[PDB]
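Given as structure tokens, the chain that follows is alone and in the form deposited in one PDB entry.
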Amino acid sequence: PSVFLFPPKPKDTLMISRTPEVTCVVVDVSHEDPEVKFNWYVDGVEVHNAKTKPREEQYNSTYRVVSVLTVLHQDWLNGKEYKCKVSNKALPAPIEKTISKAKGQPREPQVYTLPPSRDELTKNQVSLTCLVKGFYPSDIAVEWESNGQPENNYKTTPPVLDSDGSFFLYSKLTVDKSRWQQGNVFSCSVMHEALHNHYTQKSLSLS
């Protein structure tokens, strides 16, 4: 019997219209001892909002029990602590797990778009690059668009700790060479708490 606690998605905390949530997952619940119990706290003050999702019977004859707590955007971004407490018959003592946003002064990301290398122009597809550096903490969302429509053939690296204590990442969008050569505009969109309106975009085109 083990307990894991998961933070909300960055995009959910940065847009007021979306619903962020903390997730508490209990694994390795035996058939002999069901009836896992959940206690949730926020800065020590107990809350009663959580919902217990239906459990799954797994392939190795165990169960996974999930509890979800909805959180306010300003609570999470202010640094409040969330504690999940799990009690089962098989456990000797209740298990406590805690999570919160990383502490420290937030730092604004710098966004740079880089066109394909000239050597890549011999291929059928080319890579468009979006470098995002200098940001803190590491919670961030990156998306690509063109003509106001989302592009989907992109992949983003995990954040990497840089030598000055900030984070950086790269996002790579793959497009057909003919779309690049015709002059279409491609945009890298970045969402982070230290940005004005939590959002900025940078464009790239051959022109």
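Don't overthink the numbering: it's just position in the shown sequence, from 1. Rigid core here is just the name for the largest C-alpha set that superposes within 1.5 Å across the two forms.
K.L.:
According to the deposited model, is the average Cα temperature factor higher in 138 to 146 or in 25 to 33?
P.N.:
Higher mean C-alpha B-factor: 25 to 33.
K.L.:
For the stretches 79 to 87 and 122 to 130, which has the higher mean C-alpha B-factor as given in the deposited record?
P.N.:
Comparing averages over the C-alpha atoms only gives 79 to 87.
K.L.:
Would you mind checking which of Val47, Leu169, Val175, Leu69 has the top Cα temperature factor in the PDB entry?
P.N.:
That would be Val47.
K.L.:
Between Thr62, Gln181, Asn152, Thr156, where does the Cα B-factor run highest in the record?
P.N.:
Answer, based on the entry's C-alpha B-factors: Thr62.
K.L.:
Could you tell me which third, lowest, middle or highest, the C-alpha B-factor of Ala93 occupies within its chain?
P.N.:
CA B-factor rank for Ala93: highest third.
There is another form of the same protein, the form deposited with a partner chain bound; it is not shown, and what comes next is about it.
K.L.:
Would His73 sit within 4.5 Å of the partner chain in the deposited complex, counting heavy atoms only?
P.N.:
Within the cut-off, so yes.
K.L.:
Could you confirm whether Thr23 comes within 4.5 Å of the partner chain in the deposited complex, counting heavy atoms only?
P.N.:
Output for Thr23 is no: heavy atoms all beyond 4.5 Å of the partner chain.
K.L.:
Please determine whether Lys11 contacts the partner chain in the deposited complex, using a 4.5 Å cut-off between heavy atoms.
P.N.:
It does: once the partner chain is placed as it appears in the deposited complex, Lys11 has a heavy atom within 4.5 Å of it.
K.L.:
Superpose on the core and compare between this form and the one not shown; which one of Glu108, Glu96, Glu81, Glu120 crosses the 2 Å Cα shift mark?
P.N.:
It is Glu120; the other listed residues stay below 2 Å.
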